[PDB]
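*Asks:* Below is the file start07.txt, with compact mmCIF, C-alpha atoms and all ligand atoms.
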```txt
# COMPACT_ATOMS: atom_id res chain seq x y z
CA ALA A 265 -110.70 35.16 111.51
CA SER A 266 -110.69 33.42 108.11
CA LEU A 267 -108.62 33.34 104.96
CA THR A 268 -110.01 36.44 103.21
CA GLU A 269 -110.03 38.26 106.55
CA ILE A 270 -106.38 37.30 107.11
CA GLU A 271 -105.34 38.40 103.63
CA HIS A 272 -107.24 41.64 104.21
CA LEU A 273 -105.34 42.03 107.47
CA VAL A 274 -102.09 41.60 105.48
CA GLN A 275 -102.98 44.31 102.96
CA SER A 276 -104.05 46.76 105.68
CA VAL A 277 -100.88 46.33 107.79
CA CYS A 278 -98.78 46.75 104.65
CA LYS A 279 -100.74 49.86 103.74
CA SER A 280 -100.46 51.38 107.24
CA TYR A 281 -96.72 50.79 107.11
CA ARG A 282 -96.26 52.37 103.68
CA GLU A 283 -98.07 55.52 104.83
CA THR A 284 -95.96 55.90 107.99
CA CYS A 285 -92.52 55.15 106.62
CA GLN A 286 -90.20 57.96 107.48
CA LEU A 287 -88.12 57.24 104.36
CA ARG A 288 -89.08 55.35 101.23
CA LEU A 289 -86.79 52.38 100.65
CA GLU A 290 -85.75 53.64 97.20
CA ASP A 291 -84.69 57.03 98.59
CA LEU A 292 -82.35 55.16 100.97
CA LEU A 293 -81.01 52.90 98.24
CA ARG A 294 -80.37 55.75 95.77
CA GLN A 295 -78.19 57.39 98.47
CA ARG A 296 -75.78 54.52 99.21
CA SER A 297 -72.97 55.98 97.04
CA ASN A 298 -73.24 59.16 99.13
CA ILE A 299 -70.81 58.41 101.94
CA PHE A 300 -69.27 60.73 104.52
CA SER A 301 -65.74 61.71 103.59
CA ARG A 302 -62.93 60.99 106.03
CA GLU A 303 -62.90 64.72 106.78
CA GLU A 304 -66.62 64.71 107.59
CA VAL A 305 -66.18 61.64 109.78
CA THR A 306 -63.38 63.39 111.65
CA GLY A 307 -65.74 66.32 112.13
CA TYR A 308 -68.35 64.06 113.72
CA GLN A 309 -65.82 62.53 116.12
CA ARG A 310 -64.69 66.01 117.21
CA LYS A 311 -68.23 67.17 118.03
CA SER A 312 -68.79 67.33 121.78
CA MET A 313 -70.37 64.36 123.52
CA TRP A 314 -73.45 66.38 124.49
CA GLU A 315 -74.18 67.87 121.05
CA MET A 316 -73.87 64.46 119.37
CA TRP A 317 -76.29 63.01 121.97
CA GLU A 318 -78.72 65.85 121.30
CA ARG A 319 -78.55 65.28 117.55
CA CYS A 320 -79.08 61.52 117.86
CA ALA A 321 -81.98 61.89 120.31
CA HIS A 322 -83.59 64.38 117.92
CA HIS A 323 -83.38 62.00 114.97
CA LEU A 324 -84.59 59.10 117.11
CA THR A 325 -87.58 61.12 118.27
CA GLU A 326 -88.55 61.95 114.69
CA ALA A 327 -88.38 58.24 113.81
CA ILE A 328 -90.49 57.38 116.87
CA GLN A 329 -93.13 59.90 115.75
CA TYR A 330 -93.75 57.93 112.55
CA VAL A 331 -94.01 54.77 114.67
CA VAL A 332 -96.81 56.42 116.67
CA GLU A 333 -98.58 57.23 113.39
CA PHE A 334 -98.09 53.62 112.24
CA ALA A 335 -99.77 52.42 115.45
CA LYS A 336 -102.70 54.83 115.14
CA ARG A 337 -103.27 53.46 111.62
CA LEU A 338 -102.85 49.82 112.68
CA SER A 339 -106.08 47.77 112.77
CA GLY A 340 -107.36 47.30 116.29
CA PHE A 341 -104.70 49.41 117.98
CA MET A 342 -107.07 52.33 118.59
CA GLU A 343 -109.82 50.03 119.94
CA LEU A 344 -107.46 49.21 122.81
CA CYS A 345 -107.84 51.34 125.89
CA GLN A 346 -105.55 54.34 126.14
CA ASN A 347 -103.55 52.80 128.99
CA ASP A 348 -102.76 49.80 126.78
CA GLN A 349 -102.00 51.99 123.72
CA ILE A 350 -99.49 53.90 125.86
CA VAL A 351 -97.97 50.79 127.42
CA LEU A 352 -97.51 49.27 123.97
CA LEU A 353 -95.87 52.40 122.52
CA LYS A 354 -93.69 53.01 125.59
CA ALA A 355 -92.24 49.51 125.34
CA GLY A 356 -92.28 49.02 121.56
CA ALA A 357 -91.64 52.33 119.77
CA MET A 358 -87.86 52.04 120.20
CA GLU A 359 -88.06 48.37 119.21
CA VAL A 360 -89.96 49.16 116.00
CA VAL A 361 -87.36 51.80 115.08
CA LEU A 362 -84.44 49.42 115.72
CA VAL A 363 -86.09 47.04 113.22
CA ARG A 364 -87.09 49.73 110.69
CA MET A 365 -83.47 50.85 110.90
CA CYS A 366 -82.12 47.89 108.89
CA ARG A 367 -83.56 49.50 105.75
CA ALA A 368 -81.10 52.37 106.33
CA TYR A 369 -78.12 50.06 106.85
CA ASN A 370 -75.74 48.94 104.08
CA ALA A 371 -74.30 45.52 104.77
CA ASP A 372 -71.82 45.67 101.86
CA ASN A 373 -69.83 48.46 103.53
CA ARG A 374 -71.31 48.30 107.07
CA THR A 375 -72.63 51.88 106.98
CA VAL A 376 -75.90 53.47 108.08
CA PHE A 377 -77.79 56.47 106.68
CA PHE A 378 -77.39 59.42 109.07
CA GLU A 379 -77.97 63.13 108.38
CA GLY A 380 -77.89 62.92 104.60
CA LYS A 381 -75.07 60.43 104.02
CA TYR A 382 -73.80 56.99 105.00
CA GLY A 383 -71.19 56.33 107.66
CA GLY A 384 -69.76 53.43 109.59
CA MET A 385 -69.95 53.12 113.34
CA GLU A 386 -66.87 55.30 113.84
CA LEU A 387 -69.20 58.20 113.00
CA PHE A 388 -70.64 57.87 116.52
CA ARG A 389 -67.46 57.73 118.66
CA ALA A 390 -68.29 61.02 120.38
CA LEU A 391 -71.27 59.38 122.14
CA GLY A 392 -68.97 57.24 124.26
CA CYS A 393 -71.20 54.16 124.03
CA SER A 394 -69.45 51.96 121.46
CA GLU A 395 -71.05 48.78 122.80
CA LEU A 396 -74.60 50.03 122.23
CA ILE A 397 -73.55 51.27 118.77
CA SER A 398 -71.91 48.03 117.65
CA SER A 399 -74.93 46.07 118.97
CA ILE A 400 -77.29 48.21 116.86
CA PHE A 401 -74.99 47.74 113.85
CA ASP A 402 -74.65 43.98 114.47
CA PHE A 403 -78.43 43.70 114.89
CA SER A 404 -79.02 45.63 111.65
CA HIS A 405 -76.48 43.43 109.89
CA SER A 406 -78.25 40.25 110.94
CA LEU A 407 -81.62 41.64 109.76
CA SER A 408 -80.16 42.71 106.41
CA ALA A 409 -78.87 39.18 105.82
CA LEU A 410 -82.54 38.11 105.82
CA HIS A 411 -83.34 40.46 102.90
CA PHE A 412 -86.71 41.40 104.38
CA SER A 413 -89.22 42.77 101.93
CA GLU A 414 -91.14 45.90 102.77
CA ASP A 415 -94.27 43.82 103.36
CA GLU A 416 -92.38 41.56 105.76
CA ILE A 417 -91.04 44.53 107.72
CA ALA A 418 -94.60 45.87 108.11
CA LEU A 419 -95.99 42.57 109.36
CA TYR A 420 -93.03 41.95 111.70
CA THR A 421 -92.96 45.49 113.16
CA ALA A 422 -96.72 45.21 113.74
CA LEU A 423 -96.00 42.17 115.93
CA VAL A 424 -93.09 43.92 117.65
CA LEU A 425 -95.59 46.63 118.66
CA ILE A 426 -98.62 44.42 119.49
CA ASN A 427 -96.99 42.27 122.16
CA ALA A 428 -99.47 40.94 124.72
CA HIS A 429 -96.68 40.20 127.26
CA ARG A 430 -95.85 43.86 127.99
CA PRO A 431 -96.33 44.31 131.76
CA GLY A 432 -99.04 46.79 132.67
CA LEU A 433 -101.72 45.89 130.13
CA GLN A 434 -105.33 46.19 131.31
CA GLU A 435 -107.05 44.20 128.50
CA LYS A 436 -104.41 41.50 128.01
CA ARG A 437 -106.79 39.09 126.26
CA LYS A 438 -107.86 41.79 123.78
CA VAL A 439 -104.20 42.41 122.96
CA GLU A 440 -103.63 38.63 122.74
CA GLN A 441 -106.44 38.32 120.20
CA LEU A 442 -104.91 41.20 118.22
CA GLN A 443 -101.42 39.67 118.41
CA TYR A 444 -102.67 36.23 117.32
CA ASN A 445 -104.42 37.76 114.31
CA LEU A 446 -101.25 39.53 113.17
CA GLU A 447 -99.20 36.34 113.67
CA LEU A 448 -101.59 34.41 111.42
CA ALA A 449 -101.27 37.28 108.96
CA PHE A 450 -97.47 37.32 109.14
CA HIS A 451 -97.21 33.53 108.89
CA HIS A 452 -99.80 33.32 106.12
CA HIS A 453 -97.86 35.82 103.99
CA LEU A 454 -94.61 33.92 104.62
CA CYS A 455 -96.23 30.62 103.64
CA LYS A 456 -97.75 32.21 100.51
CA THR A 457 -94.34 33.62 99.53
CA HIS A 458 -92.23 30.58 100.45
CA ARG A 459 -90.43 32.57 103.13
CA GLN A 460 -91.15 30.60 106.32
CA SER A 461 -87.46 29.72 106.46
CA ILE A 462 -86.91 33.14 108.03
CA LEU A 463 -88.95 32.15 111.12
CA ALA A 464 -86.01 30.35 112.71
CA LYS A 465 -83.63 33.19 111.76
CA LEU A 466 -85.54 36.06 113.35
CA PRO A 467 -84.00 37.63 116.45
CA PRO A 468 -85.22 36.36 119.81
CA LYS A 469 -87.47 38.89 121.52
CA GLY A 470 -84.89 39.15 124.30
CA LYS A 471 -82.52 40.74 121.77
CA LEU A 472 -84.76 43.77 121.17
CA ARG A 473 -85.28 44.10 124.93
CA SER A 474 -81.51 44.03 125.40
CA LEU A 475 -80.90 46.80 122.84
CA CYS A 476 -83.52 49.11 124.38
CA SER A 477 -82.15 48.42 127.85
CA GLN A 478 -78.64 49.32 126.72
CA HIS A 479 -80.05 52.54 125.24
CA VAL A 480 -81.87 53.53 128.44
CA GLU A 481 -78.80 52.77 130.56
CA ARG A 482 -76.38 54.84 128.47
CA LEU A 483 -78.94 57.66 128.51
CA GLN A 484 -78.96 57.50 132.31
CA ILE A 485 -75.17 57.74 132.49
CA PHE A 486 -75.25 60.67 130.06
CA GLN A 487 -78.04 62.47 131.91
CA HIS A 488 -76.01 62.25 135.14
CA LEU A 489 -73.06 63.87 133.32
CA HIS A 490 -75.10 66.57 131.51
CA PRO A 491 -78.43 66.94 133.35
CA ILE A 492 -79.18 70.45 132.06
CA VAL A 493 -78.53 69.44 128.44
CA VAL A 494 -81.21 66.78 128.73
CA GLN A 495 -83.54 69.16 130.55
CA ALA A 496 -83.00 71.99 128.07
CA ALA A 497 -82.27 70.45 124.64
CA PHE A 498 -83.60 66.87 124.42
CA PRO A 499 -87.04 66.41 122.82
CA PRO A 500 -89.89 66.17 125.35
CA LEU A 501 -91.17 62.97 123.75
CA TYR A 502 -87.74 61.35 124.01
CA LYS A 503 -87.61 62.28 127.70
CA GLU A 504 -91.10 60.87 128.27
CA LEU A 505 -90.10 57.52 126.78
CA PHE A 506 -86.53 57.07 127.99
CA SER A 507 -85.31 59.14 130.96
CA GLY A 508 -86.11 59.23 134.66
CA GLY A 509 -88.35 60.49 135.81
CA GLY A 510 -89.06 62.02 132.44
CA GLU A 511 -92.65 60.78 132.00
CA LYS A 512 -93.85 63.93 133.77
CA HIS A 513 -94.18 64.98 130.11
CA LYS A 514 -97.39 63.61 128.57
CA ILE A 515 -96.66 63.92 124.82
CA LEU A 516 -97.85 60.45 123.81
CA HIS A 517 -101.32 61.18 125.20
CA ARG A 518 -101.39 64.30 123.01
CA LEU A 519 -100.10 62.43 119.93
CA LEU A 520 -102.70 59.67 120.44
CA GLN A 521 -105.68 62.04 120.83
CA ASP A 522 -104.85 64.43 117.96
CA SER A 523 -106.84 62.84 115.08
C1 LIG A 601 -76.90 53.07 115.15
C2 LIG A 601 -76.51 54.52 114.88
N1 LIG A 601 -77.62 55.45 115.12
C3 LIG A 601 -77.94 55.92 116.36
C4 LIG A 601 -77.38 55.67 117.65
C5 LIG A 601 -77.92 56.27 118.78
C6 LIG A 601 -79.01 57.14 118.64
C7 LIG A 601 -79.56 57.39 117.38
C8 LIG A 601 -79.01 56.77 116.23
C9 LIG A 601 -79.34 56.80 114.81
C10 LIG A 601 -80.32 57.50 114.08
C11 LIG A 601 -80.38 57.34 112.70
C12 LIG A 601 -81.44 58.09 111.89
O1 LIG A 601 -82.49 58.45 112.32
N2 LIG A 601 -81.11 58.37 110.51
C13 LIG A 601 -82.11 59.03 109.71
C14 LIG A 601 -83.08 57.92 109.30
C15 LIG A 601 -84.33 58.27 108.82
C16 LIG A 601 -85.24 57.28 108.44
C17 LIG A 601 -84.88 55.93 108.56
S1 LIG A 601 -86.12 54.69 108.07
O2 LIG A 601 -86.74 55.13 106.82
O3 LIG A 601 -85.52 53.38 107.78
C18 LIG A 601 -87.40 54.60 109.35
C19 LIG A 601 -86.78 54.79 110.74
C20 LIG A 601 -83.62 55.57 109.06
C21 LIG A 601 -82.71 56.56 109.43
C22 LIG A 601 -79.48 56.50 112.04
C23 LIG A 601 -78.51 55.82 112.76
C24 LIG A 601 -78.44 55.98 114.18
```
Represent the structure from my file as structure tokens, please.
Ligand SMILES: CCn1c2ccccc2c2cc(C(=O)NCc3ccc(S(=O)(=O)CC)cc3)ccc21
*Replies:*
Amino acid sequence: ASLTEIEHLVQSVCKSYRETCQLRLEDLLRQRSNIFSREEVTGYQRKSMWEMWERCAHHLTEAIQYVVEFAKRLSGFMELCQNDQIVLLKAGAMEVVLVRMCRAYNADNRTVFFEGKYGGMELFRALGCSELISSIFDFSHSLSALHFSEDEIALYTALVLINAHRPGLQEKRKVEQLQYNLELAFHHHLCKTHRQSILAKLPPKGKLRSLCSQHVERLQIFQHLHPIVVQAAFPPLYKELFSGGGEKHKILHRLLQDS
């Protein structure tokens, strides 16, 4: 590539990300005074473990659906073969959401936006996976300390998705070329904006792996305890990405073909 081509890459990633945001940043900032009462928190903790899991998996699936749309609008993603598109989404959709999630987190009061209002991690006690929850909160805290801009989140989440080290890729070099181009783009925008100091503060890639792995493992425990709940009330797409052997569902293929 070259300079104008890299700066055009920057604008197009930023555009693709704006169009496939679930929630505008300003909508989430305007809502930060809107915080679950202690009575509403108590109501969340008294919800059954299985209904809370169903509600969280539903919200997570909705978030993942915008990540699929981000990828379909991302330069060069749709020139990749369908196997590689699917491998990249299967490994990275959760990761992209974990990163996008820091926009919904308030580091002043350590709350996250959830079902209309903001609540600390005690909101999620009924899940019985406090470790996974505090890790997600800790991770979102550390990303909020960096004061990402929206443009930076778009360029970083594009690299989270386009990772040429995902096992199972069939055109690894083609993904490597794509990755390298987005890294140049990311790093060029940081240099232009005097923000390269964040490079050494970004999370190691192992951290995102670790968070997804925790998620999948707690899902497995839960699915052993409530196998019919998962079968009957979790979203098909969620099951395709996260449970075993839930990829009998082929939703991603459908999402990727549909214009
Ligand atoms: C860490 C606690 N925790 C979970 C733990 C386990 C499973 C699911 C969740 C979970 C889901 C949400 C959620 O989906 N809330 C609505 C929402 C909409 C748009 C945005 S966004 O615009 O930043 C783009 C994704 C952000 C949040 C929030 C917090 C959550």
*Asks:* Quick one: residues within 6 Å of ligand LIG 601 (chain A), with all atoms listed in the file, as a PDB file with C-alpha atoms, in the frame of the given file?
*Replies:*
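The resulting file, result_36.pdb, is reproduced below:
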```pdb
ATOM      1  CA  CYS A 285     -92.520  55.150 106.620  1.00  0.00           C
ATOM      2  CA  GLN A 286     -90.200  57.960 107.480  1.00  0.00           C
ATOM      3  CA  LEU A 287     -88.120  57.240 104.360  1.00  0.00           C
ATOM      4  CA  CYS A 320     -79.080  61.520 117.860  1.00  0.00           C
ATOM      5  CA  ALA A 321     -81.980  61.890 120.310  1.00  0.00           C
ATOM      6  CA  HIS A 323     -83.380  62.000 114.970  1.00  0.00           C
ATOM      7  CA  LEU A 324     -84.590  59.100 117.110  1.00  0.00           C
ATOM      8  CA  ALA A 327     -88.380  58.240 113.810  1.00  0.00           C
ATOM      9  CA  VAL A 361     -87.360  51.800 115.080  1.00  0.00           C
ATOM     10  CA  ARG A 364     -87.090  49.730 110.690  1.00  0.00           C
ATOM     11  CA  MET A 365     -83.470  50.850 110.900  1.00  0.00           C
ATOM     12  CA  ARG A 367     -83.560  49.500 105.750  1.00  0.00           C
ATOM     13  CA  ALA A 368     -81.100  52.370 106.330  1.00  0.00           C
ATOM     14  CA  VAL A 376     -75.900  53.470 108.080  1.00  0.00           C
ATOM     15  CA  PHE A 377     -77.790  56.470 106.680  1.00  0.00           C
ATOM     16  CA  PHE A 378     -77.390  59.420 109.070  1.00  0.00           C
ATOM     17  CA  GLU A 379     -77.970  63.130 108.380  1.00  0.00           C
ATOM     18  CA  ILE A 397     -73.550  51.270 118.770  1.00  0.00           C
ATOM     19  CA  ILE A 400     -77.290  48.210 116.860  1.00  0.00           C
ATOM     20  CA  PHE A 401     -74.990  47.740 113.850  1.00  0.00           C
TER      21      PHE A 401
END
```
*Asks:* For a quick check of understanding, using all atoms listed in the file, which of A:293, A:385, A:391, A:428 has the smallest distance to residue 356 in chain A?
*Replies:* A:428
*Asks:* Measuring atom to atom with only C-alpha atoms, identify which of A:513, A:353, A:344, A:495 is nearest to residue 329 in chain A.
*Replies:*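 Using only C-alpha atoms, the shortest distance to residue 329 in chain A belongs to A:353.
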*Asks:* From the options A:434, A:460, A:484, A:398, which residue's atoms come nearest to residue 375 in chain A, counting all atoms listed in the file?
*Replies:*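 Of A:434, A:460, A:484, A:398, the one nearest residue 375 in chain A is A:398, counting all atoms listed in the file.
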*Asks:* Have a look at CA of residue 499 in chain A and CA of residue 334 in chain A and let me know their distance in Å, one decimal.
*Replies:*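 Separating CA of residue 499 in chain A from CA of residue 334 in chain A is a distance of 19.9 Å.
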*Asks:* Between A:504, A:318, A:333, A:522, single out the one closest to residue 486 in chain A, counting all atoms listed in the file.
*Replies:* A:318
*Asks:* Figure out the distance between CA of residue 338 in chain A and CA of residue 516 in chain A, please, to one decimal in Å.
*Replies:*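 Between CA of residue 516 in chain A and CA of residue 338 in chain A the gap is 16.2 Å.
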*Asks:* Using only C-alpha atoms, find the one residue out of A:459, A:302, A:310, A:451 that sits nearest to residue 383 in chain A.
*Replies:*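 Selected residue with least distance to residue 383 in chain A: A:302.
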*Asks:* When you count all atoms listed in the file, which of these residues is closest to residue 506 in chain A: A:349, A:325, A:339, A:421?
*Replies:*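 Checking each of A:349, A:325, A:339, A:421 against residue 506 in chain A, counting all atoms listed in the file, the winner is A:325.
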*Asks:* Separation of CA of residue 479 in chain A and CA of residue 393 in chain A, in Å?
*Replies:* 9.1 Å
*Asks:* Hey, can you pull every residue with an atom no more than 9 Å from (-91.2, 54.4, 125.0), using only C-alpha atoms, and send it as a PyMOL selection string?
*Replies:* chain A and resi 328+350-359+501-502+504-506
*Asks:* Quick one: residues within 12 Å of residue 417 in chain A, all atoms listed in the file counted, chain neighbours fewer than 6 positions away excluded, as a list in words?
*Replies:*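 The residues that qualify are residues 274, 277, 278, 279, 280, 281, 282, 285, 289, 360, 361, 362, 363, 364, 365, 366, 367, 407, 408, 410, 411, 423, 424, 450, 453, 454 and 466 of chain A.
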*Asks:* Compile the contact shell of residue 441 in chain A as a list in words: residues with an atom at most 10 Å away, counting only C-alpha atoms, same-chain residues fewer than 5 positions apart removed.
*Replies:*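 Once the adjacent positions are removed, what remains is residues 340, 426, 428, 436, 446 and 447 of chain A.
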*Asks:* Put the listed atoms of range 286-294 of chain A in a box along x, y and z with 3 Å added on every side and give me the centre and edge lengths in Å to one decimal, as JSON.
*Replies:*
```
{"center_x": -85.3, "center_y": 55.2, "center_z": 101.6, "size_x": 15.8, "size_y": 11.6, "size_z": 17.7}
```
*Asks:* Could I get range 393-419 of chain A from the block written out with N, CA, C and O atoms, as a short mmCIF file (atom, residue, chain, number, x, y, z; two decimals), in the first residue's frame?
*Replies:*
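Writing the result to result_20.cif gives the following:
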```
data_model
loop_
_atom_site.label_atom_id
_atom_site.label_comp_id
_atom_site.auth_asym_id
_atom_site.auth_seq_id
_atom_site.Cartn_x
_atom_site.Cartn_y
_atom_site.Cartn_z
N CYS A 393 -20.70 -17.06 38.22
CA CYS A 393 -19.40 -17.08 37.55
C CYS A 393 -18.72 -15.73 37.79
O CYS A 393 -18.40 -14.96 36.87
N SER A 394 -18.49 -15.44 39.08
CA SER A 394 -17.97 -14.14 39.50
C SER A 394 -16.60 -13.86 38.90
O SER A 394 -16.27 -12.71 38.61
N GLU A 395 -15.78 -14.91 38.74
CA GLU A 395 -14.44 -14.74 38.20
C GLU A 395 -14.49 -14.21 36.77
O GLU A 395 -13.86 -13.18 36.45
N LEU A 396 -15.26 -14.87 35.91
CA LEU A 396 -15.46 -14.38 34.55
C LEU A 396 -15.97 -12.94 34.55
O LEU A 396 -15.53 -12.12 33.74
N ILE A 397 -16.90 -12.62 35.46
CA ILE A 397 -17.49 -11.28 35.48
C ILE A 397 -16.46 -10.24 35.91
O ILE A 397 -16.32 -9.19 35.27
N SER A 398 -15.75 -10.49 37.00
CA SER A 398 -14.72 -9.54 37.42
C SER A 398 -13.61 -9.40 36.37
O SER A 398 -13.08 -8.30 36.20
N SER A 399 -13.27 -10.48 35.65
CA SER A 399 -12.26 -10.35 34.59
C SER A 399 -12.74 -9.41 33.49
O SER A 399 -12.00 -8.54 33.03
N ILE A 400 -14.00 -9.57 33.06
CA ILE A 400 -14.58 -8.69 32.05
C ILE A 400 -14.60 -7.24 32.54
O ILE A 400 -14.30 -6.31 31.78
N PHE A 401 -14.97 -7.04 33.80
CA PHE A 401 -14.97 -5.70 34.38
C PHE A 401 -13.55 -5.14 34.48
O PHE A 401 -13.30 -4.00 34.09
N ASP A 402 -12.61 -5.94 35.01
CA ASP A 402 -11.21 -5.52 35.07
C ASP A 402 -10.70 -5.17 33.68
O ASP A 402 -10.13 -4.09 33.47
N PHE A 403 -10.93 -6.05 32.70
CA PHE A 403 -10.50 -5.79 31.33
C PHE A 403 -11.10 -4.49 30.80
O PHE A 403 -10.39 -3.69 30.18
N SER A 404 -12.40 -4.26 31.05
CA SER A 404 -13.01 -3.02 30.58
C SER A 404 -12.46 -1.81 31.30
O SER A 404 -12.38 -0.71 30.73
N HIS A 405 -12.10 -1.97 32.57
CA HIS A 405 -11.48 -0.89 33.31
C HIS A 405 -10.17 -0.49 32.66
O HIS A 405 -9.93 0.69 32.36
N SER A 406 -9.32 -1.48 32.40
CA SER A 406 -8.00 -1.21 31.84
C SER A 406 -8.10 -0.56 30.46
O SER A 406 -7.27 0.28 30.12
N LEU A 407 -9.13 -0.90 29.67
CA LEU A 407 -9.30 -0.27 28.36
C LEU A 407 -9.84 1.14 28.47
O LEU A 407 -9.55 1.99 27.61
N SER A 408 -10.65 1.40 29.50
CA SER A 408 -11.19 2.74 29.72
C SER A 408 -10.10 3.71 30.18
O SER A 408 -10.13 4.89 29.83
N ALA A 409 -9.13 3.22 30.96
CA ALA A 409 -7.99 4.04 31.33
C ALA A 409 -7.24 4.57 30.11
O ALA A 409 -6.58 5.61 30.21
N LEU A 410 -7.31 3.88 28.97
CA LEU A 410 -6.62 4.34 27.77
C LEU A 410 -7.37 5.44 27.04
O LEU A 410 -6.80 6.07 26.14
N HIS A 411 -8.63 5.68 27.40
CA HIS A 411 -9.45 6.72 26.76
C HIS A 411 -9.40 6.62 25.24
O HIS A 411 -9.25 7.61 24.53
N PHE A 412 -9.53 5.39 24.74
CA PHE A 412 -9.76 5.14 23.32
C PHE A 412 -10.68 6.19 22.73
O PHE A 412 -11.65 6.62 23.36
N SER A 413 -10.39 6.60 21.50
CA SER A 413 -11.38 7.30 20.70
C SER A 413 -12.21 6.29 19.92
O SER A 413 -11.90 5.10 19.85
N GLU A 414 -13.28 6.77 19.30
CA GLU A 414 -14.07 5.86 18.49
C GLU A 414 -13.26 5.36 17.31
O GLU A 414 -13.34 4.18 16.95
N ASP A 415 -12.45 6.23 16.70
CA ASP A 415 -11.64 5.79 15.57
C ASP A 415 -10.64 4.73 15.99
O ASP A 415 -10.38 3.79 15.24
N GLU A 416 -10.08 4.86 17.20
CA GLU A 416 -9.10 3.88 17.66
C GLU A 416 -9.77 2.54 17.91
O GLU A 416 -9.18 1.49 17.62
N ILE A 417 -11.00 2.56 18.44
CA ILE A 417 -11.70 1.31 18.71
C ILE A 417 -11.97 0.57 17.41
O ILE A 417 -11.85 -0.65 17.35
N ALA A 418 -12.31 1.32 16.35
CA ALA A 418 -12.59 0.73 15.04
C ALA A 418 -11.35 0.07 14.46
O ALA A 418 -11.41 -1.05 13.93
N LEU A 419 -10.23 0.77 14.52
CA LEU A 419 -9.00 0.22 13.97
C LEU A 419 -8.49 -0.96 14.79
O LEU A 419 -8.00 -1.95 14.23
#
```
